[PDB]
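Participant: I'd like to ask you about the structure that follows.
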Amino acid sequence: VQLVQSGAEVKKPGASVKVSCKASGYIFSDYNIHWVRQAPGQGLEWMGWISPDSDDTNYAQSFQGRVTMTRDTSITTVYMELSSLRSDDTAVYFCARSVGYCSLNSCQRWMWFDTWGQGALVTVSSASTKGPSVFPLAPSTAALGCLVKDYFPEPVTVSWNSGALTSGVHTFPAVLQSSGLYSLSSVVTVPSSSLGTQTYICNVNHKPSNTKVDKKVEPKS
Amino acid sequence: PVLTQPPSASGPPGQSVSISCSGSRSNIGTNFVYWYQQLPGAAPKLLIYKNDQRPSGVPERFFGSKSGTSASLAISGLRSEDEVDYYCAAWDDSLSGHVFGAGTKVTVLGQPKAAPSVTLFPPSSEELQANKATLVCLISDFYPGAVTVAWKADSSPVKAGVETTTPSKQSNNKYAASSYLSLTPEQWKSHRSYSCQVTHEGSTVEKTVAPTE
Amino acid sequence: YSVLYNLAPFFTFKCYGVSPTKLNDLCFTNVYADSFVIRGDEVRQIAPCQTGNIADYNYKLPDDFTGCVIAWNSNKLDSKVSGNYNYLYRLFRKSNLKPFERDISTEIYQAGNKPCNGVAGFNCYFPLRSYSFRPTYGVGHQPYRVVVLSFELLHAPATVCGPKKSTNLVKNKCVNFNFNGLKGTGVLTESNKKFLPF
Amino acid sequence: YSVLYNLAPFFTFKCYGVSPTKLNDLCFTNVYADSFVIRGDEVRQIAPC
Ligand SMILES: *[C@@H]1O[C@H](CO)[C@@H](O)[C@H](O)[C@H]1NC(C)=O
Ligand SMILES: *[C@@H]1O[C@H](CO)[C@@H](O)[C@H](O)[C@H]1NC(C)=O
């Protein structure tokens, strides 16, 4: 079957997040949907399941009052909402589905998840949405690039000459500073003869803050 | 109540790989055990359900059993498609909730030794006009992925204000990393030179920049 | 006793003791209700002096029964796609059950002499086994919602029965009487005897 | 008299003479088994007279 979920979202500690999973290709009225979370550095952690036709729900001991369950069988969607999320909730959301009906507690030992939804990635860190600052790195075979400084949150896309320059382009992974802002750099290897003739412009785009900066790299005498 | 698992597993091709997953007396035996596999950058999928039962569309090289307390499985042979982690799942009566393991990323067991490429960049003039300065040291094309970054100010090493990244795989199966040094613009001019020392497999490559080019 | 006929047709309506035809004439003092679900092959097991699945290991019925049982099909509600795992039974137990006794535990059965005691394996299995209601399954595996309407003899002042009209009585006349389910022919006269208020 | 209960659920278990509840207490001298297959409408036809 098909189990689509909401796209990636960004959030701020202490705020609220809402995701939804849509059920199609099977009868929604008698098939349970389970919620599980997968954080980097550890494995899956169980959260709970929702009754699609009934209203009784069961939650984990760690998430007894933190989670909320909302359903609407008219559009066959399950609404998942979180309130007062902590800073360590940077993870992905899976709308796992199990065959049959398991409204009771005792049926979980014969219960397995067949099809899984797409990963709804959420980024939570103690920082505000701030546009990046782009500065050129003058060459001193030549190496030139642009550093993407003080941006939040992930991700950023960098390109050279609007995608025309693709050979020798390397994008380094981001780093975490002490101020909570991220830094990234991308260098490209170019011949030393084509320095004063060809123009190299880095195209830094930051989709969460809707910031696009085009900076031209020039040699310094 | 907790389901332990080793962080990773290694094994040569055409050889069984041992994966361990152990729990409590109520976690294992009182309730059935389940196994799942997760593709990198995708959603996990069901692999083994109902103890030793094997589903359709899943091959027979996966042999798993929960034993009495510790669940262990082995894979007959190894392929490139088996580079996925495995999660062991079971139900706990006291916790009244499902538990999952950490995961074992099986690595298939070539690349020769390569010296790292180090490029150190001085702070930009536009950044210096904004009362900021950052030294960018870029590390690329080294194998294996284990480097140590040391920053030297003239003759005195500096430790405050350095942020380095974990080594990540490149397109040509090489490794790369980057180190950043947040520096006061008044401190950049006051020093004669700055050096970025990269130690890789006992060999050190150092690049030196100057405030006056 | 008239609003239960519009739910679903009754597969069986056997009644030990009290005959269904005359549920309105009698008047009992207490009504016992025991509700559970059974499969199609399991319908005959709700009977006194039976064994195997329910009347030996799950729901023991007493030898003397004066109540009634109501069985009906519930394919429209309880049966789901790929079955329902909420309803269970107990198949493994060390001993039998007393009549009208409910048991529940999380322990696992010790079939053999091996002291497993919390670890599954040989001669140590889970006593609870789930059963499903699939549409592909036959009548032998279908949801049959049943109730046990247990009754008892008239040894107490009657409380619950039908809404029969209570007419005014007469004295010193040859008139039939119906006092809480018992009927007879005679005359009603005032007597000077004494009855403790209980 | 314990492995036959794990095969399949029983539609009918009527027993003439001996009662099914006390098969363990007695000890018989001759056991005859006659196995065949019947349809649903012919289940009740396995009966005397
Ligand atoms: C059972 O209750 C529901 C709830 O409204 C009702 O729609 C249904 O008619 C009831 N069944 C009866 C009265 O047989
Ligand atoms: C009948 O024999 C087969 C042969 O292996 C076995 O798989 C099956 O479980 C047996 N049926 C039982 C024990 O009810």
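Just remember, in the structure tokens the first chain shown is A, the second B, etc., residues are 1-based per chain, and ligands are 1-based in the order shown.
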Would you pick out the contacts of residue A:180 at 12 Å or less, using only C-alpha atoms, so that residues sharing its chain but fewer than 4 positions from it are not included, and give the list as a ChimeraX atom specification?
Facilitator: /A:124-130,149-153,175-176 /B:163
Participant: Residues of chain C near chain B: apply a cut-off of 10 Å, count only C-alpha atoms, and supply the list as a list in words.
Facilitator: residues 106, 107, 108, 116, 117, 118, 119, 120, 121, 122, 124, 125 and 126 of chain C
Participant: For ligand 2, collect every residue having any atom at a distance of at most 8 Å from a ligand atom (counting only C-alpha atoms and all ligand atoms); output as a count of residues only.
Facilitator: 5
Participant: What is the atom CA of residue C:13 to atom CA of residue C:70 distance in Å?
Facilitator: 6.1 Å
Participant: Within 9 Å of chain B, which residues belong to chain A? Use only C-alpha atoms and report them as a ChimeraX atom specification.
Facilitator: /A:41-48,59-61,94,105,108-119,133-140,143-144,147,170,172-178,183-185,187,221
Participant: Kindly work out which residues sit at most 8 Å from ligand 1, using only C-alpha atoms and all ligand atoms, and give the list as an NGL selection string.
Facilitator: :C and (3-4 or 6-7)
Participant: Go ahead and write the residues just picked, N, CA and C atoms, as a compact mmCIF listing (two decimals), in the first residue's frame.
Facilitator:
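Contents of selection_3.txt, as written:
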```
# COMPACT_ATOMS: atom_id res chain seq x y z
N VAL C 3 -36.50 -6.26 23.51
CA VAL C 3 -35.61 -5.40 22.74
C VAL C 3 -34.32 -6.11 22.34
N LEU C 4 -34.21 -7.41 22.59
CA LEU C 4 -33.03 -8.17 22.21
C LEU C 4 -33.20 -8.94 20.91
N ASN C 6 -34.02 -7.61 17.88
CA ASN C 6 -33.71 -6.82 16.70
C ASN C 6 -32.22 -6.71 16.42
N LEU C 7 -31.37 -7.32 17.25
CA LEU C 7 -29.93 -7.22 17.05
C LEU C 7 -29.46 -8.10 15.90
```
Participant: Would you list which chain D residues are within 12 Å of chain C using only C-alpha atoms, as a list in words?
Facilitator: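 Listed by rising number, the hits are residues 1, 2, 3, 4, 5, 6, 8, 9, 10, 11, 12, 13, 14, 15, 19, 20, 21, 22, 23 and 40 of chain D.
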Participant: Mind listing as a PyMOL selection string which residues of chain C are within 6 Å of chain A, counting only C-alpha atoms?
Facilitator: chain C and resi 82-86
Participant: Just N, CA, C and O atoms for this one: save the residues we selected as a tab-separated table (two decimals), in the first residue's frame.
Facilitator:
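Result written to part.tsv:
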```
chain	number	residue	atom	x	y	z
C	82	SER	N	-7.91	-9.29	7.79
C	82	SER	CA	-6.78	-10.05	8.34
C	82	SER	C	-6.96	-10.36	9.83
C	82	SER	O	-5.98	-10.49	10.57
C	83	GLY	N	-8.21	-10.48	10.27
C	83	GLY	CA	-8.50	-10.95	11.61
C	83	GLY	C	-8.37	-9.90	12.69
C	83	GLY	O	-7.92	-8.77	12.47
C	84	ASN	N	-8.78	-10.29	13.89
C	84	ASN	CA	-8.68	-9.47	15.09
C	84	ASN	C	-7.92	-10.25	16.15
C	84	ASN	O	-8.25	-11.42	16.42
C	85	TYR	N	-6.92	-9.63	16.76
C	85	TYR	CA	-6.05	-10.29	17.73
C	85	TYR	C	-6.39	-9.92	19.17
C	85	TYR	O	-5.63	-10.27	20.08
C	86	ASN	N	-7.50	-9.22	19.40
C	86	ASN	CA	-7.82	-8.76	20.75
C	86	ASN	C	-8.34	-9.89	21.63
C	86	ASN	O	-8.16	-9.86	22.85
```
Participant: Which residues come within 12 Å of residue C:186, counting only C-alpha atoms, excluding same-chain residues fewer than 6 positions away, as a count of residues only?
Facilitator: 9
Participant: May I have all residues of stretch 45-197 of chain A that DSSP, computed from the backbone, assigns to helix (DSSP H, G or I), given as a list in words?
Facilitator: residues 106, 107, 108, 109, 110, 161, 162 and 163 of chain A
Participant: What lies within 9 Å of stretch 156-167 of chain A using only C-alpha atoms, ignoring chain neighbours under 4 positions off, as a count of residues only?
Facilitator: 18
Participant: One number please: atom CA of residue A:193 to atom CA of residue A:217, in Å, one decimal.
Facilitator: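 Atom-to-atom, atom CA of residue A:193 to atom CA of residue A:217, that is 15.3 Å.
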Participant: Could you tell me how far atom CA of residue C:14 sits from atom CA of residue C:73, in Å to one decimal place?
Facilitator: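 Separation of atom CA of residue C:73 and atom CA of residue C:14: 15.8 Å.
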Participant: Residues near residue B:82, anyone? I mean within 9 Å using only C-alpha atoms, not counting same-chain ones fewer than 6 positions away, as a list in words.
Facilitator: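 Using only C-alpha atoms, the neighbours found are residues 106, 107 and 108 of chain B.
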